[PDB]
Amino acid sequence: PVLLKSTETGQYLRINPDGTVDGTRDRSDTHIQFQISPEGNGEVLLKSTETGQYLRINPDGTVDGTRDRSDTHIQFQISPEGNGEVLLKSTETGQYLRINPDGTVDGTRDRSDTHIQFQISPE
């Protein structure tokens, strides 16, 4: 498993069993563990290790978890950002995953937003 941490706020992405997605600094939470798996030849899915849910950025910018493997909004591209940092971009909507300082998680098309930078680390 890997962890997905917001560089700016030091919060880890978490998919809760209720399907909501938020950020936490609780390193002991089992729900911050992810598996990155291939989808076709150029994309990835980001799946919760403990709940089996996939991260989804909806067209309206909300971010939640789903187990619907047919959903077209669970596909991501990971793009290097210099240093050990990456952006996590929805292929379908062109939105970047963002963790806000209040712990909410959402999507934005603004590539200059400081809250879209992530560091991926083995657990």
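Residue numbers here begin at 1 and follow the sequence given.
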Look up the CA B-factors in the entry and say which stretch, 25 to 33 or 68 to 76, has the higher mean. 25 to 33
Do the CA atoms of 58 to 66 or those of 84 to 92 have the higher mean B-factor in the entry? 84 to 92
Would you mind finding, among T108, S112, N100, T20, the residue with the largest C-alpha temperature factor in the entry? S112
Report the third (lowest, middle or highest) to which the CA temperature factor of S48 belongs, ranking only the modelled residues of the same chain. lowest
